[PDB]
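Listing of start.cif; format and content: mmCIF, C-alpha atoms and all ligand atoms.
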```
data_model
#
loop_
_atom_site.label_atom_id
_atom_site.label_comp_id
_atom_site.auth_asym_id
_atom_site.auth_seq_id
_atom_site.Cartn_x
_atom_site.Cartn_y
_atom_site.Cartn_z
CA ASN A 701 2.28 -7.11 22.65
CA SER A 702 -0.42 -8.57 20.41
CA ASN A 703 -0.33 -12.33 19.73
CA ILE A 704 -1.21 -12.05 16.04
CA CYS A 705 0.37 -10.26 13.05
CA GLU A 706 -1.07 -6.76 12.57
CA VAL A 707 -1.23 -7.21 8.81
CA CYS A 708 -2.51 -10.74 8.15
CA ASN A 709 -4.01 -11.47 11.58
CA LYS A 710 -2.33 -14.89 11.92
CA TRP A 711 -0.05 -16.16 14.67
CA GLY A 712 3.44 -17.46 13.92
CA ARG A 713 6.99 -16.19 14.22
CA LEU A 714 6.18 -12.62 15.33
CA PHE A 715 8.37 -9.58 15.94
CA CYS A 716 7.12 -7.17 18.56
CA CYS A 717 7.20 -3.39 18.48
CA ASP A 718 8.92 -1.84 21.49
CA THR A 719 7.00 1.42 21.41
CA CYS A 720 3.50 0.03 20.80
CA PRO A 721 1.60 -3.27 21.27
CA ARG A 722 1.68 -4.35 17.58
CA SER A 723 3.43 -7.49 16.26
CA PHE A 724 4.47 -8.60 12.73
CA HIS A 725 5.58 -11.44 10.60
CA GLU A 726 8.97 -10.66 9.13
CA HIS A 727 7.77 -10.02 5.56
CA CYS A 728 4.34 -8.67 6.54
CA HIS A 729 6.02 -5.56 7.95
CA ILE A 730 7.20 -3.10 5.31
CA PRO A 731 10.16 -2.70 5.16
CA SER A 732 10.81 -6.35 6.23
CA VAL A 733 11.55 -6.45 9.98
CA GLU A 734 15.17 -5.41 10.50
CA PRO A 739 15.17 -1.50 20.42
CA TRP A 740 12.79 -1.67 17.42
CA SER A 741 9.90 0.57 16.42
CA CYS A 742 7.29 -0.48 13.81
CA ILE A 743 6.26 1.62 10.81
CA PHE A 744 3.07 2.78 12.63
CA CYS A 745 5.31 4.26 15.32
CA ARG A 746 7.75 5.79 12.85
CA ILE A 747 4.88 7.44 11.00
CA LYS A 748 3.50 8.83 14.27
CA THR A 749 6.95 10.26 15.10
CA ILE A 750 7.05 12.17 11.79
CA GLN A 751 3.71 13.76 12.61
CA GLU A 752 4.78 14.63 16.15
CA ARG A 753 8.01 16.29 15.00
CA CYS A 754 6.14 18.41 12.42
CA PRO A 755 2.53 19.04 13.58
CA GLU A 756 1.86 21.28 10.58
CA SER A 757 2.48 18.22 8.37
CA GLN A 758 -1.18 17.34 9.12
CA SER A 759 -2.59 20.49 7.49
CA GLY A 760 -4.38 19.91 4.19
CA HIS A 761 -2.37 19.36 1.00
CA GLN A 762 -3.20 19.29 -2.69
CA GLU A 763 -2.84 15.86 -4.29
CA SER A 764 -0.96 17.41 -7.22
CA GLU A 765 1.72 18.79 -4.92
CA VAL A 766 1.99 15.50 -3.03
CA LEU A 767 2.49 13.46 -6.20
CA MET A 768 5.39 15.63 -7.37
CA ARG A 769 7.37 15.15 -4.17
CA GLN A 770 10.71 13.43 -4.50
CA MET A 771 11.05 10.14 -2.67
CA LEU A 772 13.19 11.40 0.21
CA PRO A 773 13.26 9.17 3.34
CA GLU A 774 10.01 10.51 4.82
CA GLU A 775 8.05 10.07 1.58
CA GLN A 776 9.58 6.62 1.04
CA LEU A 777 8.30 5.69 4.53
CA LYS A 778 4.83 7.07 3.90
CA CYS A 779 4.54 5.04 0.66
CA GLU A 780 5.72 1.89 2.48
CA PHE A 781 3.05 2.51 5.15
CA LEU A 782 0.34 3.14 2.55
CA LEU A 783 1.30 -0.14 0.82
CA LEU A 784 1.17 -1.93 4.16
CA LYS A 785 -2.34 -0.53 4.85
CA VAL A 786 -3.50 -2.17 1.61
CA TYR A 787 -2.01 -5.54 2.57
CA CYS A 788 -3.85 -5.21 5.92
CA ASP A 789 -7.12 -5.86 4.07
CA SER A 790 -7.73 -9.55 3.42
CA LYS A 791 -9.00 -8.74 -0.11
CA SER A 792 -5.45 -7.69 -1.01
CA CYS A 793 -4.79 -11.42 -1.66
CA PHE A 794 -6.34 -11.04 -5.11
CA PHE A 795 -3.85 -8.33 -6.05
CA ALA A 796 -0.68 -9.56 -4.33
CA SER A 797 0.94 -11.90 -6.82
CA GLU A 798 1.42 -11.86 -10.60
CA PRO A 799 -1.91 -12.17 -12.45
CA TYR A 800 -2.67 -13.96 -15.68
CA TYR A 801 -5.39 -13.24 -18.20
CA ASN A 802 -7.43 -15.79 -20.16
CA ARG A 803 -11.13 -15.02 -20.15
CA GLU A 804 -13.51 -15.21 -23.11
CA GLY A 805 -14.35 -11.72 -24.39
CA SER A 806 -11.49 -9.96 -22.59
CA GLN A 807 -7.88 -9.11 -23.36
CA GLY A 808 -5.26 -8.75 -20.61
CA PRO A 809 -3.83 -5.33 -19.69
CA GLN A 810 -0.90 -3.80 -21.57
CA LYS A 811 0.97 -3.24 -18.31
CA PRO A 812 0.20 -5.82 -15.62
CA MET A 813 0.81 -4.74 -12.04
CA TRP A 814 0.52 -6.31 -8.63
CA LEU A 815 1.26 -5.53 -4.99
CA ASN A 816 4.38 -7.68 -4.60
CA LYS A 817 5.88 -5.95 -7.69
CA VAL A 818 5.22 -2.56 -6.10
CA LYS A 819 6.77 -3.84 -2.85
CA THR A 820 9.92 -4.93 -4.69
CA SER A 821 10.02 -1.61 -6.54
CA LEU A 822 9.92 0.30 -3.26
CA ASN A 823 12.59 -1.93 -1.72
CA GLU A 824 14.88 -1.37 -4.72
CA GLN A 825 14.29 2.45 -4.60
CA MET A 826 12.87 2.45 -8.16
CA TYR A 827 10.46 5.32 -7.55
CA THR A 828 11.93 8.82 -7.67
CA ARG A 829 8.64 10.62 -6.88
CA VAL A 830 5.48 9.74 -4.99
CA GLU A 831 3.66 9.91 -8.35
CA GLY A 832 5.45 6.73 -9.56
CA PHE A 833 4.24 4.70 -6.62
CA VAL A 834 0.70 6.05 -6.74
CA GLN A 835 0.41 5.46 -10.50
CA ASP A 836 1.43 1.81 -10.10
CA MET A 837 -1.01 1.29 -7.26
CA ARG A 838 -3.92 2.85 -9.14
CA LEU A 839 -2.98 0.77 -12.19
CA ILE A 840 -3.57 -2.44 -10.24
CA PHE A 841 -7.21 -1.59 -9.74
CA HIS A 842 -7.80 -0.01 -13.15
CA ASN A 843 -6.44 -3.13 -14.90
CA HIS A 844 -8.79 -5.26 -12.85
CA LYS A 845 -11.85 -3.13 -13.63
CA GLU A 846 -11.12 -3.16 -17.34
CA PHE A 847 -10.46 -6.92 -17.53
CA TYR A 848 -13.41 -8.22 -15.56
CA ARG A 849 -15.86 -5.83 -17.21
CA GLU A 850 -19.35 -6.73 -16.16
CA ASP A 851 -18.40 -9.69 -13.97
CA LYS A 852 -19.36 -8.93 -10.37
CA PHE A 853 -15.72 -9.76 -9.52
CA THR A 854 -14.94 -6.21 -10.71
CA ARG A 855 -16.17 -5.06 -7.32
CA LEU A 856 -13.07 -6.46 -5.58
CA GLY A 857 -11.00 -3.81 -7.41
CA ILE A 858 -13.39 -1.06 -6.34
CA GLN A 859 -13.24 -2.24 -2.74
CA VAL A 860 -9.47 -2.45 -2.46
CA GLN A 861 -9.00 0.81 -4.38
CA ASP A 862 -11.27 2.51 -1.81
CA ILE A 863 -8.95 1.26 0.97
CA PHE A 864 -5.94 2.58 -0.93
CA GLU A 865 -7.52 6.01 -1.57
CA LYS A 866 -8.78 6.53 2.01
CA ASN A 867 -5.38 5.71 3.40
CA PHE A 868 -3.62 7.88 0.78
CA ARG A 869 -5.72 10.86 1.86
CA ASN A 870 -5.01 10.14 5.53
CA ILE A 871 -1.29 9.44 5.34
CA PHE A 872 -0.46 12.34 3.05
CA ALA A 873 -2.96 14.69 4.74
CA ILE A 874 -4.87 15.51 1.58
CA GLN A 875 -7.17 18.54 2.04
CA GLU A 876 -10.72 17.38 2.78
CA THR A 877 -13.33 18.24 0.14
CA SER A 878 -17.03 17.62 -0.55
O1 LIG A 901 6.86 -11.81 0.00
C1 LIG A 901 7.99 -11.55 0.40
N1 LIG A 901 8.71 -12.38 1.20
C2 LIG A 901 8.27 -13.58 1.80
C3 LIG A 901 9.22 -14.41 2.36
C4 LIG A 901 8.82 -15.59 2.95
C5 LIG A 901 7.49 -15.91 2.98
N2 LIG A 901 6.56 -15.12 2.45
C6 LIG A 901 6.93 -13.98 1.87
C7 LIG A 901 8.68 -10.28 -0.02
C8 LIG A 901 9.69 -9.74 0.77
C9 LIG A 901 10.33 -8.57 0.42
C10 LIG A 901 9.96 -7.93 -0.73
CL1 LIG A 901 10.76 -6.45 -1.18
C11 LIG A 901 8.97 -8.43 -1.55
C12 LIG A 901 8.33 -9.60 -1.18
CL2 LIG A 901 7.09 -10.19 -2.25
ZN ZN A 902 1.50 -11.53 8.88
ZN ZN A 903 4.89 0.25 16.92
#
```

Starting from the coordinates I provided, produce the structure as structure tokens.
Ligand SMILES: O=C(Nc1cccnc1)c1ccc(Cl)cc1Cl
Ligand SMILES: [Zn+2]
Ligand SMILES: [Zn+2]
Amino acid sequence: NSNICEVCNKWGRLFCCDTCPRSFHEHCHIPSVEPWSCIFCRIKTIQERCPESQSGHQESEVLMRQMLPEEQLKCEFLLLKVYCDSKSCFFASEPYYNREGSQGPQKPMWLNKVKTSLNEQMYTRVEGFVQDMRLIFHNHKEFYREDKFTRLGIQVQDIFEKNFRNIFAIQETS
């Protein structure tokens, strides 16, 4: 197994997957680490049991899906893919807003809040989770305006959207 956490790329107290070489800090894995198979492996198993699950889907259909166990897992995995990027640090904890010329967002949002919401089964459809995630980056874009720091929101949103399209097998388009 790997000697660093798959998510944050640091050593430490690591838990090793039994069905692949990946390792995780306890609370870097999502869900928190409970033989044992990691979320990458569990996601692969879903695909292997239903090959047609990889055919293209419409985003509008995906968003309306109820959060049954497989969709819950896929959202957990998508959230984890965002934390895998080091730039997720800017969006992980609760933000505060005091900048000349700007007003904070009406509904603040951050990755650890989405993590807690998933853990507490607060989302009944995929749409709820995706709306909160997109809100993180939209809030950031609106607040920082013309500061070059706005680009961090564009960058991390791109990671979210690419992984959303992959994990939920969104139909490819030009
Ligand atoms: O962050 C977390 N836990 C943690 C524990 C100890 C050191 N660092 C981080 C955590 C765990 C579970 C959930 Cl649902 C949300 C969070 Cl936000
Ligand atoms: Zn880690
Ligand atoms: Zn694994």

**Q.** Protein and nucleic acid residues within 8 Å of ligand LIG 901 (chain A) (only C-alpha atoms and all ligand atoms) as a list in words
**A.** residues 726, 727, 728, 730, 731, 732, 797, 815, 816, 817, 819, 820, 821, 822, 823 and 824 of chain A

Q | All residues having an atom within 6 Å of ligand ZN 903 (chain A) (only C-alpha atoms and all ligand atoms) as a list in words | A |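 Protein and nucleic-acid residues within 6 Å of ligand ZN 903 (chain A): residues 717, 719, 720, 722, 741, 742, 744 and 745 of chain A.
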
Contacts of range 782-790 of chain A at 7 Å (only C-alpha atoms; same-chain gap of 3+ positions) as a tab-separated table (two decimals) with C-alpha atoms, in the coordinates of the input:
```
chain	number	residue	atom	x	y	z
A	707	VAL	CA	-1.23	-7.21	8.81
A	708	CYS	CA	-2.51	-10.74	8.15
A	730	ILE	CA	7.20	-3.10	5.31
A	778	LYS	CA	4.83	7.07	3.90
A	779	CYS	CA	4.54	5.04	0.66
A	793	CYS	CA	-4.79	-11.42	-1.66
A	863	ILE	CA	-8.95	1.26	0.97
A	864	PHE	CA	-5.94	2.58	-0.93
A	867	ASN	CA	-5.38	5.71	3.40
A	868	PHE	CA	-3.62	7.88	0.78
```

Can you tell me, as an mmCIF file with C-alpha atoms, in the frame of the given file, which residues sit within 6 Å of (-4.3, -6.3, -19.2) in the file's frame, using all atoms listed in the file?
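Written out: selection18.cif:
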```
data_model
loop_
_atom_site.group_PDB
_atom_site.id
_atom_site.type_symbol
_atom_site.label_atom_id
_atom_site.label_comp_id
_atom_site.auth_asym_id
_atom_site.auth_seq_id
_atom_site.Cartn_x
_atom_site.Cartn_y
_atom_site.Cartn_z
ATOM 1 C CA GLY A 808 -5.260 -8.750 -20.610
ATOM 2 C CA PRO A 809 -3.830 -5.330 -19.690
ATOM 3 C CA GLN A 810 -0.900 -3.800 -21.570
ATOM 4 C CA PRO A 812 0.200 -5.820 -15.620
ATOM 5 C CA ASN A 843 -6.440 -3.130 -14.900
#
```

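For the pair CA of residue 771 in chain A and CA of residue 827 in chain A, the separation is 6.9 Å.
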
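If all atoms listed in the file are the atoms counted, then among A:851, A:775, A:831, A:723 the closest residue to residue 805 in chain A is A:851.
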
Q | Computed interatomic separation between CA of residue 704 in chain A and atom ZN of ligand ZN 902 (chain A) (Å) | A | 7.7 Å

Q.
To one decimal place in Å, what is the distance between CA of residue 829 in chain A and CA of residue 856 in chain A?
A.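 According to the coordinates, CA of residue 829 in chain A and CA of residue 856 in chain A are separated by 27.7 Å.
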
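Residues of protein, DNA or RNA having at least one counted atom within 8 Å of (-13.3, 1.4, -11.0), given all atoms listed in the file, are residues 841, 842, 845, 854, 855, 857, 858 and 861 of chain A.
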
May I have the selected residues written with C-alpha atoms, as a PDB file, keeping the file's coordinate frame?
```
ATOM      1  CA  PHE A 841      -7.210  -1.590  -9.740  1.00  0.00           C
ATOM      2  CA  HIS A 842      -7.800  -0.010 -13.150  1.00  0.00           C
ATOM      3  CA  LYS A 845     -11.850  -3.130 -13.630  1.00  0.00           C
ATOM      4  CA  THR A 854     -14.940  -6.210 -10.710  1.00  0.00           C
ATOM      5  CA  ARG A 855     -16.170  -5.060  -7.320  1.00  0.00           C
ATOM      6  CA  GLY A 857     -11.000  -3.810  -7.410  1.00  0.00           C
ATOM      7  CA  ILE A 858     -13.390  -1.060  -6.340  1.00  0.00           C
ATOM      8  CA  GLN A 861      -9.000   0.810  -4.380  1.00  0.00           C
TER       9      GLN A 861
END
```

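Ranking A:712, A:837, A:871, A:724 by their shortest atom-to-atom distance to residue 747 in chain A, with all atoms listed in the file included, puts A:871 first.
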
(Q) I'd like to know which of A:794, A:716, A:866, A:705 is closest to residue 739 in chain A, using only C-alpha atoms. (A) A:716
